[PDB]
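Student: Structure below; questions to follow.
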Amino acid sequence: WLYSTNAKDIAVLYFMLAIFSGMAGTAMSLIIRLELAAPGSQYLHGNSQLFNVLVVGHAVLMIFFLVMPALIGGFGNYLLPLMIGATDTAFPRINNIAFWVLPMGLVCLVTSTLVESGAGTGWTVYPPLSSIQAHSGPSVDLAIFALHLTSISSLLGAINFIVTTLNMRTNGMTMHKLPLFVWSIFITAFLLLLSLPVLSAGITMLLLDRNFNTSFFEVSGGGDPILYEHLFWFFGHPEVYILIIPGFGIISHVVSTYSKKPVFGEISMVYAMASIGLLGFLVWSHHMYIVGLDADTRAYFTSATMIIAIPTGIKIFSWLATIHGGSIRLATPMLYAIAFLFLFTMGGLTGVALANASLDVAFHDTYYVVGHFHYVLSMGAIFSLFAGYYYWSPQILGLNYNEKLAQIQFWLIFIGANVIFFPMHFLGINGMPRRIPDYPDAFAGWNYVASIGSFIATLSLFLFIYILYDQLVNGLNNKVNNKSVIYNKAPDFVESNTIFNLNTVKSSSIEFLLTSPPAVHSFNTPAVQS
Amino acid sequence: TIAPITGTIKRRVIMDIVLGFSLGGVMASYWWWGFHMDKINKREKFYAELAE
Amino acid sequence: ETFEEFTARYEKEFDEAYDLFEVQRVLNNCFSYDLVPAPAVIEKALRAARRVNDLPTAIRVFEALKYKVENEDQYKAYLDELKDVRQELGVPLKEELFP
Amino acid sequence: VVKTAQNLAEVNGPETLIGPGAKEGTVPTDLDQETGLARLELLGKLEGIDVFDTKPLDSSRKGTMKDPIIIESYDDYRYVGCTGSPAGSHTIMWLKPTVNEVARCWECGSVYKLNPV
Amino acid sequence: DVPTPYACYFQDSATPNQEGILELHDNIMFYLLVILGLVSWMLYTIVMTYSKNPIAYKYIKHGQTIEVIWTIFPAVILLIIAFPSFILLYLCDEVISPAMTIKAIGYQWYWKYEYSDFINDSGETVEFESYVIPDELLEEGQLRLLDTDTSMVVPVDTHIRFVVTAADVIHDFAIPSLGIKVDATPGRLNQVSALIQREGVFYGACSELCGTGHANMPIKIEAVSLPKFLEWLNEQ
Amino acid sequence: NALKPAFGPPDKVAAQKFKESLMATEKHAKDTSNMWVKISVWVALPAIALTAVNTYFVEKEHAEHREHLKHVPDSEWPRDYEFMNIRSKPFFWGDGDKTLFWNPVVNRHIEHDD
Amino acid sequence: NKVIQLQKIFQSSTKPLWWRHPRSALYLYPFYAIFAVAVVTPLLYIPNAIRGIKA
Amino acid sequence: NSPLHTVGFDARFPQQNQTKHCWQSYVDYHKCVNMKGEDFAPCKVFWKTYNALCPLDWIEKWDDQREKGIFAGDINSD
Amino acid sequence: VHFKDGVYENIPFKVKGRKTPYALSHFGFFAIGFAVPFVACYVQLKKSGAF
Amino acid sequence: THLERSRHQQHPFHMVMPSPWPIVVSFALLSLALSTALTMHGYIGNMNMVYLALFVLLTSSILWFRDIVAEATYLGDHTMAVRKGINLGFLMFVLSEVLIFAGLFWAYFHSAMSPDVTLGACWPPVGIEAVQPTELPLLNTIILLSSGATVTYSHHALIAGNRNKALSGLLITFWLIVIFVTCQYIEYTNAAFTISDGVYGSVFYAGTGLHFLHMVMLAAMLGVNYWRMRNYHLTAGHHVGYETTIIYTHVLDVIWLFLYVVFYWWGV
Amino acid sequence: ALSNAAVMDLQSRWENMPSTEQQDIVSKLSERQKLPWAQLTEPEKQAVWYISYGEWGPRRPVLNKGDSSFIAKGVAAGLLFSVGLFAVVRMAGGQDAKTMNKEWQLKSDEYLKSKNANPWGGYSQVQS
Amino acid sequence: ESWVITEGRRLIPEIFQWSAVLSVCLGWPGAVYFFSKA
Ligand code: HEA
Ligand code: HEA
Ligand code: CUA
Ligand SMILES: [Cu+2]
Ligand SMILES: [Zn+2]
């Protein structure tokens, strides 16, 4: 419905924007890797603009319009009232404006590309390239009004999430007895509250330099452009952990469900997940190790970036101990979660070498960084986004999803996306710079190998669309015959099959005990816990 | 009289971490003693000639 | 916490079962611990199937005893210690049934 | 003649929760200018009884099928979390004890009869 | 130096301040293989030998003696890694005794070097600009997008201090073989120090984005011998 | 009848404890109204009316200093620095209007190309 | 003053809430006029400004 | 037999950013030649410093700022 | 969707009972989201003279 | 009992009715963002489309507040658990409003602790005549300091039970947030350095320019509380539209006391 | 008692048994187990094990018998279609690089070997 | 007198299957280089 205030109809409007914009985030990802398959400007004619335009069109659409409105918006607004037993969210109307300002932020981005210049600044919109002396058009003004409309989407959803799980939980649910996915959006809604004013100041200080020539960062005037480097990345690394703490929430539940065991040391899992967000503020200069910082400052930021391996490493070793003792039911959400423990591990170790200030001088703005963050974004924040769909969509929509067709969609993602991003470390370790339209002739090797895998990942997205179509049409027929899997938890070894049908769902959370799909007033009387 | 049988999985993580360090340890000994000492031997053989 | 304190915790729970649900539940978290129990525990589990009159929940005892035994000879020593209780009741092994 | 409540026992729905008139030249004293939902909880706070239930459930006994645990509701799907018999025994497990069908707590063993109201 | 097609490693070293980076990166990845060995072996014993286990050991939650172990054990690994890192970070900015100063200013699509120390016989600061030779004006044998026309030369076995800045948008000064990278912010000017151990050409690239032609400016550095250096310097 | 006994037992002691905590709501708001009314009219307002005319004592001479500036035309203006008038993308609401508001007496923007 | 009478109107009317006051016909009928003007004229200037024709 | 020679450490500016090492040496050269140039040798030591590590578009910039009397830093000690 | 909860009712689509095939309005929604960069690839290249 | 008790809610939380204000505000921000980034590069000719798009955003937000005032005293679903939510929901909004000034405090300290080479070694740069703190900016403080000392008896006399005392303390508080707007408008016209005079005219006219913009929002928030107290809305025990504004009043008398000690006393 | 023709081979007969008989044979069975065991019929003793712990409904595997051979027959027909879809757009594309075609690389080494570029490793540069 | 072999019967095909799947999951760029050196 159009101006509805129901807190779970907004969450499906969120999810009709992720897969829309994630398609355009992939089609812009297609053209970039198609142009980079061979030396010489093949498909683009000679234009290096429209390549630096389709990089910021691809990085904004995938971060601010795919992973953020689906992890924080999609699975946030649907499951944060449900798993705490709230009837709706706390402020229901500003939950609606947190959605509808995103398609207006979608219009302000596509109209930033059609205007004659095109934002050729990269995702980090650096000041003297995006000052009015270089980009004279109104293109990048619309490209930061899109980041203004997205910032007030994620801010006004984060205020709604803090004050939901602080007083709208049910009777016996204290803060210690909370689900891990509720704690994960509760930590994340504090970082969105404590980093977006730093972005929305630093973006506005860039808008005032162009249209009002106030010289916040213009050099003729003493405006140092390293201030924007400090100001953007104080948002930028908290923004990085905001896309991955809900990634840690869903994996903490798919593992605990498809392996019939509780999470190993749950109260020590929440401490490690909260000490990422507190430690995430104390590092931002590891994106600018080589701008000219003094040696004692580089010695600090190489230590405080190494400390983040401690609480993240606790969470990986806790997930290994959870699936160890118990049974394992290898359905397709468990396949996405069991590959999250490997691909986020290899993308976390690559950041450890990058965290050294004395080693980053041979790695900054090479493809060793681009091969690093895709192993924790296109495999950390997307695998958990795919796992979050296949674990809950028979409950949300009410229709099963043709399980044996979903197995090959995972397998074409895992062997598909690994063909792109694994040779990307080889281009950066040899010296290929970042954001180049075409490369020197000695880089035609792995740029051809990493271009075949772009079509394996894109065909996987097209196979996901047919699964998304086969779940809707004849989705009811998939739970009356032997296509899909119905019960996520098979009975125990001494459970009778006629006694399993009395007590079916052995869930440790509310959202599987509701009707499928849940009603519009799912709690007209409060639930009680222990 | 059946003797009391216990601890069948406590012996399956002590004998699994040990075979996890000794399976990456002889994966990392090839890197530093068989690959890093391959390139650094080619360096100080080549730089031995450029004093002559 | 102990092993003899594990027996006299489950020698009681199979003496208050009254129902099929409270036998298959108590048998479920009798094998879901670390150790496999002594046969003094598993004797009550067979006896508590006659309290509720259900045969295949007394067959899965000897099917779960085979999996959680850690050594093939010990499966032949649990069966040999259960000389009479398998024979007085009459529940057979699953392999002898060959289903 | 809708006749506002002035006590909890006489409500008869939202027609009689209007409250009396406001005096001129003074503040509203919060008893004469309420509306009908915060008016109802104000009448509860003027008595001892709290209107909205905030109580964790009975977690002192286990309860067999001969002697279950009753959970007073206003519908037929009051969700129950039964983390243990001293309320710290096992992990949580959520149940939906509906009318004429109890829930049975596959881990712990408690029985929950609805008593729907 | 020259990148190789289908390569997987660094380029060949030319600087002891880059020779330490190769010693640091191999010492770091020596410890990132034990951890990847431990993770990927635990993720195959658990997946194989517990997808068939029907009875789930659902009564182990705390593990007190193993949570303390994986708290200090990443703390021991990162403390071992830091001491090669803290030595190399300090000992890469020893600018105590240089011998020649080179400036390098990037004019948004091309570089401009100037050896402004009056050390030659003419009496002026020698300066020139270096553009990439275009695709029309190529000659058969050049390295495309890597080989410019009028390169920068330096002596060997002598300490040289670069001074890198710009008078336009921010863009980087990067050579992978010497291991130097300073982003050249136009309000300021950074400096690096790196002597070259062996003569020969080194190629580099510009890594920070500057606009349209971000790729079309390499930094050709051909270190020559010192009596051959002063022949070029007194001439040009 | 069926399904209709009552609602809940009267606690009957929270009342005359919650209402007894609400009788002190007025009793505490009487003194803290009296504590702040004396400081806002006999402490803070003596600081207002004493220094507002002190501030209006320098207004009559600093506007006179503004009257000094346009008294002489002074085409020999001090030739302001490189940063004093940034004009990349000149302003869109006005012709050569520097800000949203500026008096012309002290914001002349005299161009000296020479 | 006028609050208890407005309690009798806004409760038990079954109209949309923003319409419920009697003094609302001359609020939204001008507001829906000047909102439909101010939302299309930014969109109408879009395809001319893409080509590059300004004032 | 050691021809090449330039500016040493100058420990008051030890870090990587040398944007004021160019500047402070430039002012101290123009402070010397105005305020009691004792000879042209013992304050052209500054002239050897700022001719290095200062771009030749920066030197003509401050030469214009001191030409029109609009230079930022104080060079007139008198 | 504020009333009439059901299996196909909580979605702003209209899956069953459609006058047209649904796969028109499903794949014709994502191809709009997939060909929206190519129209930005078109009109920016066409503005730059080349075709 | 159980018949009349079943004719109400069971949870204290308020379920709002669907209303088309969060969509119309969303079509007012798009028509603002499009009309702004067009008119700054020509493309329109006059400043009329911004003057209407900013006007329709102001009207479509004052009609959102027309619903919440009716939802709180004409239907009145703000219970004890809802009022804790609004008081805590605003308290998270004011945290971002405080931290948005940390971006304009970092900008000053990055431009004053390490002084620049393009301007002089000093701070403020040479030629720019800075604002003296022993003048009218001190009058901007003592007016604002007493404003936080005259709204806090207008709140206490509201609970005490007299309108004429609590209304007099709000009228002379609303004038203090329009004297401070006026005396920071007079100073913004009798200064000597513009928005485009380097950085000292830039970081100064954004850390105080944004604070001047919030005082218009505080004087409007102090305006509806005078309208509601005259029209008999705020009770003696239920006022969340007033306890919200006292938080906004004291927090703006905190960040001004950082603006005064940094941009005036520490600057000169 | 109960007929031997009723529960004989209750492995394939339980699926596609009608629903009103499927819950009828257990009601005939569950009355009979109130007796001392090893008096039951030997195919009847098998048949109660398929009801309580069989592979039907619940305890069905996540993948059937013909799924692991179907998963590998959809992945390898997705690789050998994506690379087939790779060559089609690789055909309809721009002109190749000028310097890539193998004639530069025979003598760009002579530029490199004259200057001693890569002393270890390799400067071979020959990719066609 | 038994327990070393009953783990040794399982772990010895485990450490061989693991290196078989790790050398494909990590060493697969060694295959594309070996064929087409061109
Ligand atoms: C959100 C994070 C994210 C994700 C997922 C991706 C995904 C991908 N990215 Fe991107 N990328 C960035 C963030 C991301 N990227 C950033 C920040 C930059 C840097 C910009 C700059 O340098 O400034 C960048 C830059 C970047 C470059 C530029 C390198 C250079 O600068 O020259 C390249 C080129 O190779 C690239 C490729 C890819 C590819 C092939 C994918 C593939 O993984 C895409 C295919 C994967 C999918 C098929 C799955 C997702 C699709 C869905 C719709 C999800 C559906 C699931 C649910 C909703 C249930 N990316
Ligand atoms: C969103 C996902 C995400 C996540 C989770 C991370 C996590 C980390 N990132 Fe990364 N990173 C990005 C995405 C992400 N990053 C992006 C988008 C960029 C910038 C690109 C651009 O500039 O446009 C970036 C940039 C970036 C840089 C800047 C390089 C450059 O641009 O010059 C650095 C360097 O310090 C870095 C490091 C790290 C580290 C140390 C972690 C750590 O948190 C990781 C912790 C994980 C582990 C360490 C593995 C688990 C641990 C073990 C198995 C057990 C413990 C073992 C030992 C201690 C050895 N990241
Ligand atoms: Cu200069 Cu990129
Ligand atoms: Cu980072
Ligand atoms: Zn229980």
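Chain labels run A, B, ... following the order of the structure tokens; each chain numbers its residues from 1, and ligands are numbered from 1 in the order shown.
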Residues of chain B no more than 12 Å from chain K, counting only C-alpha atoms: send them over as a list in words.
Tutor: residues 38, 39, 40, 41, 42, 43, 44, 45, 46, 47, 49 and 50 of chain B
Student: What residues in region 425-502 of chain A get the DSSP label alpha helix (DSSP H)? Please answer as number ranges by chain.
Tutor: A: 425-430, 446-472, 497-500
Student: If the cut-off is 9 Å, can you tell me the residues of chain L near chain K, counting only C-alpha atoms? I'd like them as a list in words.
Tutor: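 Taking only C-alpha atoms into account, residues 36, 37 and 38 of chain L sit within 9 Å of chain K.
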Student: Show which residues sit within 9 Å of residue 90 (chain C), as a list in words. Count only C-alpha atoms, and ignore same-chain residues fewer than 3 positions away.
Tutor: residues 85, 86 and 87 of chain C; 36, 37, 38 and 39 of chain K
Student: Excluding residue 186 (chain A) and residues on its chain fewer than 6 positions from it, collect all residues at most 9 Å away from it, counting only C-alpha atoms, and give them as a list in words.
Tutor: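 Counting only the stated atoms, we get residues 158, 161, 162 and 165 of chain A.
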Student: Do me a favour and pick out the residues of chain C within 10 Å of chain B, using only C-alpha atoms, as a PDB file with C-alpha atoms, in the first residue's frame.
Tutor:
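Saved to iface10.pdb:
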```
ATOM      1  CA  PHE C   3      29.251 -39.982  36.000  1.00  0.00           C
ATOM      2  CA  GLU C   4      27.584 -41.757  38.923  1.00  0.00           C
ATOM      3  CA  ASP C  34      28.825 -36.124  26.012  1.00  0.00           C
ATOM      4  CA  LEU C  35      29.193 -39.636  27.400  1.00  0.00           C
ATOM      5  CA  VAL C  36      27.201 -42.711  26.463  1.00  0.00           C
ATOM      6  CA  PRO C  37      25.521 -44.022  29.632  1.00  0.00           C
ATOM      7  CA  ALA C  38      26.244 -47.153  31.605  1.00  0.00           C
ATOM      8  CA  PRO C  39      23.804 -50.051  31.020  1.00  0.00           C
ATOM      9  CA  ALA C  40      22.148 -49.445  34.394  1.00  0.00           C
ATOM     10  CA  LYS C  68      27.288 -43.463  20.174  1.00  0.00           C
ATOM     11  CA  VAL C  69      29.551 -46.370  21.119  1.00  0.00           C
ATOM     12  CA  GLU C  70      32.977 -45.118  19.791  1.00  0.00           C
ATOM     13  CA  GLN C  74      31.878 -51.944  23.017  1.00  0.00           C
ATOM     14  CA  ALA C  77      29.779 -55.584  25.268  1.00  0.00           C
ATOM     15  CA  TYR C  78      26.646 -53.525  25.847  1.00  0.00           C
ATOM     16  CA  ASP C  80      26.180 -58.974  26.115  1.00  0.00           C
ATOM     17  CA  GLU C  81      25.558 -57.145  29.380  1.00  0.00           C
TER      18      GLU C  81
END
```
Student: Taking only C-alpha atoms into account, report as a count of residues only which residues of chain D lie within 12 Å of chain E.
Tutor: 4
Student: Near residue 79 (chain E), counting only C-alpha atoms, which residues have an atom at most 12 Å away, once you skip same-chain residues fewer than 6 positions from it, shown as a PyMOL selection string?
Tutor: (chain A and resi 302-303+306-307+309-310) or (chain E and resi 28+31+72-73+85-86)
Student: Write the residues of the preceding selection, restricted to N, CA, C and O atoms, as a PDB file, in the first residue's frame.
Tutor:
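Final output, part29.pdb:
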```pdb
ATOM      1  N   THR A 302      48.170   1.676  13.072  1.00  0.00           N
ATOM      2  CA  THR A 302      48.468   0.303  12.691  1.00  0.00           C
ATOM      3  C   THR A 302      48.270  -0.637  13.868  1.00  0.00           C
ATOM      4  O   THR A 302      48.143  -1.851  13.688  1.00  0.00           O
ATOM      5  N   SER A 303      48.233  -0.095  15.086  1.00  0.00           N
ATOM      6  CA  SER A 303      47.969  -0.935  16.244  1.00  0.00           C
ATOM      7  C   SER A 303      46.476  -1.080  16.473  1.00  0.00           C
ATOM      8  O   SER A 303      45.975  -2.194  16.644  1.00  0.00           O
ATOM      9  N   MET A 306      44.875  -3.386  14.150  1.00  0.00           N
ATOM     10  CA  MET A 306      45.160  -4.785  14.434  1.00  0.00           C
ATOM     11  C   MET A 306      44.278  -5.325  15.550  1.00  0.00           C
ATOM     12  O   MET A 306      44.044  -6.534  15.615  1.00  0.00           O
ATOM     13  N   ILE A 307      43.783  -4.454  16.431  1.00  0.00           N
ATOM     14  CA  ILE A 307      43.015  -4.918  17.580  1.00  0.00           C
ATOM     15  C   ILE A 307      41.638  -5.412  17.143  1.00  0.00           C
ATOM     16  O   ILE A 307      41.063  -6.298  17.782  1.00  0.00           O
ATOM     17  N   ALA A 309      41.044  -7.467  14.865  1.00  0.00           N
ATOM     18  CA  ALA A 309      41.110  -8.901  14.624  1.00  0.00           C
ATOM     19  C   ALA A 309      40.779  -9.720  15.865  1.00  0.00           C
ATOM     20  O   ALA A 309      40.450 -10.901  15.735  1.00  0.00           O
ATOM     21  N   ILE A 310      40.856  -9.132  17.055  1.00  0.00           N
ATOM     22  CA  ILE A 310      40.559  -9.863  18.286  1.00  0.00           C
ATOM     23  C   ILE A 310      39.060 -10.138  18.422  1.00  0.00           C
ATOM     24  O   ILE A 310      38.702 -11.314  18.564  1.00  0.00           O
TER      25      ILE A 310
ATOM     26  N   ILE E  28      54.493 -11.687   7.280  1.00  0.00           N
ATOM     27  CA  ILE E  28      53.099 -11.555   7.680  1.00  0.00           C
ATOM     28  C   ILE E  28      52.280 -12.710   7.129  1.00  0.00           C
ATOM     29  O   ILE E  28      51.521 -13.357   7.857  1.00  0.00           O
ATOM     30  N   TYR E  31      52.211 -16.086   8.835  1.00  0.00           N
ATOM     31  CA  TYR E  31      51.267 -16.288   9.921  1.00  0.00           C
ATOM     32  C   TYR E  31      49.818 -16.246   9.470  1.00  0.00           C
ATOM     33  O   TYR E  31      48.946 -16.709  10.208  1.00  0.00           O
ATOM     34  N   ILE E  72      43.738 -14.850  23.983  1.00  0.00           N
ATOM     35  CA  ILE E  72      45.146 -14.476  24.004  1.00  0.00           C
ATOM     36  C   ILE E  72      45.898 -14.977  22.780  1.00  0.00           C
ATOM     37  O   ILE E  72      46.975 -14.452  22.477  1.00  0.00           O
ATOM     38  N   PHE E  73      45.368 -15.961  22.054  1.00  0.00           N
ATOM     39  CA  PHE E  73      46.122 -16.504  20.930  1.00  0.00           C
ATOM     40  C   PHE E  73      46.108 -15.603  19.694  1.00  0.00           C
ATOM     41  O   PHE E  73      47.141 -15.525  19.021  1.00  0.00           O
ATOM     42  N   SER E  85      56.779  -4.861  11.928  1.00  0.00           N
ATOM     43  CA  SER E  85      56.082  -3.712  11.368  1.00  0.00           C
ATOM     44  C   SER E  85      56.547  -2.409  11.999  1.00  0.00           C
ATOM     45  O   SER E  85      56.683  -1.397  11.306  1.00  0.00           O
ATOM     46  N   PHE E  86      56.803  -2.413  13.308  1.00  0.00           N
ATOM     47  CA  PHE E  86      57.228  -1.191  13.977  1.00  0.00           C
ATOM     48  C   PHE E  86      58.672  -0.831  13.667  1.00  0.00           C
ATOM     49  O   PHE E  86      59.024   0.350  13.717  1.00  0.00           O
TER      50      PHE E  86
END
```
Student: Using only C-alpha atoms and all ligand atoms, determine which residues fall within 9 Å of ligand 5, then list them as a ChimeraX atom specification.
Tutor: /A:530 /D:62,81-85,87,89-94,104-111
Student: For those residues, write C-alpha atoms to a file as a CSV table (one decimal), in the first residue's frame.
Tutor:
```
chain,number,residue,atom,x,y,z
A,530,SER,CA,9.9,-17.5,30.9
D,62,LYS,CA,7.3,-28.0,35.6
D,81,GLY,CA,8.9,-18.8,26.1
D,82,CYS,CA,9.8,-21.5,28.6
D,83,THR,CA,13.6,-21.3,29.2
D,84,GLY,CA,13.4,-23.7,32.2
D,85,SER,CA,11.9,-24.9,35.4
D,87,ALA,CA,14.0,-20.3,34.6
D,89,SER,CA,17.8,-24.5,33.1
D,90,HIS,CA,18.0,-24.7,29.3
D,91,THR,CA,17.9,-22.3,26.4
D,92,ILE,CA,14.7,-20.6,25.2
D,93,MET,CA,12.0,-22.3,23.2
D,94,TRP,CA,8.9,-20.6,21.9
D,104,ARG,CA,4.5,-29.6,25.4
D,105,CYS,CA,8.1,-28.2,25.6
D,106,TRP,CA,10.3,-30.7,23.8
D,107,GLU,CA,13.3,-29.8,25.8
D,108,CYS,CA,12.0,-29.1,29.3
D,109,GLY,CA,8.7,-30.9,29.4
D,110,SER,CA,6.2,-28.3,30.7
D,111,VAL,CA,2.5,-28.3,29.6
```
Student: Do a neighbour search on residue 44 (chain A) at 9 Å with only C-alpha atoms, toss out local chain neighbours closer than 5 positions, and write the hits as a PyMOL selection string.
Tutor: (chain A and resi 31+35+50-51) or (chain I and resi 41+45) or (chain K and resi 94)
Student: Atoms to include: N, CA and C atoms. Write the selected residues as a PDB file, in the first residue's frame.
Tutor:
```pdb
ATOM      1  N   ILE A  31      29.399  -3.583 -16.943  1.00  0.00           N
ATOM      2  CA  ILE A  31      30.043  -2.763 -17.962  1.00  0.00           C
ATOM      3  C   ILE A  31      31.487  -2.465 -17.578  1.00  0.00           C
ATOM      4  N   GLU A  35      34.580  -3.712 -19.909  1.00  0.00           N
ATOM      5  CA  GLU A  35      35.576  -2.830 -20.501  1.00  0.00           C
ATOM      6  C   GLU A  35      36.986  -3.215 -20.078  1.00  0.00           C
ATOM      7  N   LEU A  50      32.276   8.353 -18.237  1.00  0.00           N
ATOM      8  CA  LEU A  50      31.318   7.247 -18.313  1.00  0.00           C
ATOM      9  C   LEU A  50      31.956   5.942 -17.832  1.00  0.00           C
ATOM     10  N   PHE A  51      33.263   5.889 -17.605  1.00  0.00           N
ATOM     11  CA  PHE A  51      33.800   4.815 -16.790  1.00  0.00           C
ATOM     12  C   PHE A  51      34.014   5.246 -15.354  1.00  0.00           C
TER      13      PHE A  51
ATOM     14  N   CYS I  41      24.262   4.716 -20.216  1.00  0.00           N
ATOM     15  CA  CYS I  41      25.382   4.468 -21.109  1.00  0.00           C
ATOM     16  C   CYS I  41      25.107   5.010 -22.504  1.00  0.00           C
ATOM     17  N   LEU I  45      26.948   8.732 -23.911  1.00  0.00           N
ATOM     18  CA  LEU I  45      27.817   8.509 -25.063  1.00  0.00           C
ATOM     19  C   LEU I  45      27.337   9.288 -26.280  1.00  0.00           C
TER      20      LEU I  45
ATOM     21  N   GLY K  94      34.668  -4.075 -29.400  1.00  0.00           N
ATOM     22  CA  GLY K  94      35.607  -3.179 -30.031  1.00  0.00           C
ATOM     23  C   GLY K  94      36.811  -3.895 -30.601  1.00  0.00           C
TER      24      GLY K  94
END
```
Student: What do you get as a PyMOL selection string if you pick all residues at most 12 Å from ligand 4, counting only C-alpha atoms and all ligand atoms?
Tutor: chain A and resi 232-242+279-289+301-302+304-306+308+348+351-352+354-355+364+369+372-373+376
Student: Mind running chain E against ligand 3 at 10 Å and telling me each contacting residue's nearest atom pair with the distance in Å (one decimal), counting only C-alpha atoms and all ligand atoms, chain and number ascending, as CSV?
Tutor:
```
residue,atom,partner,partner_atom_place_in_ligand_line,distance
E:105,CA,ligand 3,1 (Cu),9.7
E:106,CA,ligand 3,1 (Cu),6.1
E:107,CA,ligand 3,1 (Cu),7.1
E:108,CA,ligand 3,1 (Cu),4.8
E:109,CA,ligand 3,1 (Cu),5.3
E:110,CA,ligand 3,1 (Cu),6.7
E:111,CA,ligand 3,1 (Cu),7.8
E:166,CA,ligand 3,1 (Cu),8.9
E:168,CA,ligand 3,1 (Cu),8.9
E:169,CA,ligand 3,1 (Cu),7.6
E:170,CA,ligand 3,1 (Cu),7.1
E:171,CA,ligand 3,1 (Cu),4.4
E:172,CA,ligand 3,1 (Cu),6.4
E:173,CA,ligand 3,1 (Cu),8.2
E:183,CA,ligand 3,1 (Cu),9.6
E:184,CA,ligand 3,1 (Cu),9.4
E:205,CA,ligand 3,2 (Cu),8.6
E:206,CA,ligand 3,2 (Cu),5.2
E:207,CA,ligand 3,2 (Cu),6.0
E:208,CA,ligand 3,2 (Cu),5.2
E:209,CA,ligand 3,2 (Cu),4.4
E:210,CA,ligand 3,2 (Cu),4.0
E:211,CA,ligand 3,2 (Cu),6.6
E:212,CA,ligand 3,2 (Cu),8.3
E:213,CA,ligand 3,2 (Cu),6.7
E:214,CA,ligand 3,2 (Cu),3.5
E:215,CA,ligand 3,2 (Cu),6.1
E:216,CA,ligand 3,2 (Cu),7.7
E:217,CA,ligand 3,1 (Cu),6.6
E:218,CA,ligand 3,1 (Cu),9.1
```
Student: What does the distance from CA of residue 89 (chain K) to CA of residue 123 (chain A) come to in Å, to one decimal?
Tutor: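 CA of residue 89 (chain K) sits 28.0 Å away from CA of residue 123 (chain A).
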Student: Could you work out which residues of chain L fall inside 12 Å of chain A? Count only C-alpha atoms, and format the result as a PyMOL selection string.
Tutor: chain L and resi 22+24-33+36-38
Student: Report as a list in words the set of chain A residues whose atoms approach chain D to within 7 Å, with distances computed over only C-alpha atoms.
Tutor: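 Residues passing the distance filter: residues 171, 172, 506, 507, 508, 509, 510, 513, 525, 527, 528, 529 and 530 of chain A.
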